[PDB]
S.K.: 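Just passing along the structure, written as structure tokens.
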Amino acid sequence: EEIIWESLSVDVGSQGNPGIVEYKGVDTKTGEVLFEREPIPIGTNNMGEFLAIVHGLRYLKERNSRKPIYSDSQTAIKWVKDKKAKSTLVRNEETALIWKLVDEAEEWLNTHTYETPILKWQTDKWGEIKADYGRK
RNA sequence: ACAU
DNA sequence: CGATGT
Ligand SMILES: [K+]
Ligand SMILES: [K+]
Ligand SMILES: [K+]
Ligand SMILES: [Mg+2]
Ligand SMILES: [Mg+2]
């Protein structure tokens with residue numbers, strides 16, 4: 001319907017899928033970059049989108065902020081709601097880092113509480129999410 | 001089919 | 001064109 005401008009927007013960026021994964025969070029109103037994750041050598045788009053939301057939850061909780069989070073990823077929103085990232089990515093030596101970070105994010109969700117609304121960014125109506133990397 |  | 005996901 002209407003954009004909630006008082007919000008945090010998150011997005012993944014990648015080089016290949018699977019490939020090098022990063023993510024960032026921005027103030028929806030102003031575009032100010034609030035956090036950026038150092039690139040992870042091998043991961044998937046959906047793992048990165050999941051980590052971005054969970055990082056947003058942790059960022060907002062530490063700052064006592066009740067703002068919602070926007071994500072464009074139907075998959076990642078569902079994984080966060082379930083507290084379980086149902087990724088198909090093989091677990092091997094090459095993917096150990098991303099899977100460690102995903103496991104740690106699930107662990108955080110299972111030991112902490114939050115009321116943050118996690119909202120779908122409506123790309124078909126509103127254009128690209130404000131945290132997008134501009135690579136498509 | 002839809003969402004990345 | 002290829003991939004990740006519900
Ligand atoms: K998009
Ligand atoms: K992009
Ligand atoms: K498909
Ligand atoms: Mg996205
Ligand atoms: Mg994007």
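In what follows, every heavy atom counts, from backbone to side chain, and hydrogens, waters and symmetry copies are set aside. A, B, ... follow the sequence lines: proteins, then strands. Residue 1 opens every chain.
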S.K.: Report the distance from atom CG of A:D132 to atom P of B:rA3, rounded to the nearest whole Å.
M.R.: 15 Å
S.K.: In whole Å, I'd like the distance from the CD atom of A:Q74 to the P atom of C:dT4.
M.R.: 17 Å
S.K.: A:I98 CD1 to C:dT4 P: how many Å, rounded?
M.R.: 14 Å
S.K.: Whole angstrom is fine here: how far is it from CH2 in A:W126 over to P in B:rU4?
M.R.: 12 Å
S.K.: Give the rounded distance in Å between these two atoms: CG of A:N46 and P of C:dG5.
M.R.: 5 Å
S.K.: Nearest-Å distance, NZ (A:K78) to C1' (C:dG5)?
M.R.: 10 Å
S.K.: Give a yes/no on whether any side-chain N or O of A:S73 is located under 4.0 angstrom from OP1 or OP2 of C:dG5.
M.R.: no
S.K.: At their closest point, which heavy atom of A:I53 faces which heavy atom of A:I69, and how far apart are they?
M.R.: O-CD1, 3.9 Å
S.K.: What I'd like to find out is whether the side chain of A:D72 reaches to under 4.5 Å of the side chain of A:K120, using heavy atoms alone.
M.R.: yes
S.K.: Looking at C:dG5, I'd like to know if its phosphate oxygens (OP1 or OP2) sit under 4.0 Å from a side-chain N or O belonging to A:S87.
M.R.: yes
S.K.: Any side-chain N or O of A:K120 under 4.0 Å from OP1/OP2 of B:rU4?
M.R.: yes
S.K.: Taking A:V26 as the starting point, is it possible to reach A:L51 by hopping between hydrophobic residues whose side chains are less than 4.5 Å apart?
M.R.: no
S.K.: Please say yes or no: joined through hydrophobic side-chain contacts below 4.5 Å, possibly via intermediate residues, are A:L60 and A:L57 part of one cluster?
M.R.: yes
S.K.: Please report, rounded to the nearest Å, how far the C1' atom of B:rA3 is from the OH atom of A:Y70.
M.R.: 16 Å
S.K.: Given atom CE of A:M47 and atom P of B:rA3, what is their separation to the nearest angstrom?
M.R.: 23 Å
S.K.: Quick one: the side chain of A:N17 and the base of C:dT4, do they pair up donor-acceptor inside 3.5 Å?
M.R.: no
S.K.: Base, sugar-phosphate or nothing for A:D72? Non-hydrogen atoms, less than 4.0 Å.
M.R.: sugar-phosphate
S.K.: Quick check on B:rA3: is either OP1 or OP2 less than 4.0 Å from any side-chain nitrogen or oxygen of A:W121?
M.R.: no
S.K.: Verify the contact: side-chain N or O of A:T123 to OP1 or OP2 of B:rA3, cut-off strictly under 4.0 Å; return yes or no.
M.R.: no
S.K.: Counting just side-chain N and O atoms, does A:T44 come under 4.0 Å of either OP1 or OP2 of C:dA3?
M.R.: no
S.K.: Would you call the rings of A:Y59 and A:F35 parallel, tilted or perpendicular, where under 30° means parallel and over 60° means perpendicular?
M.R.: tilted
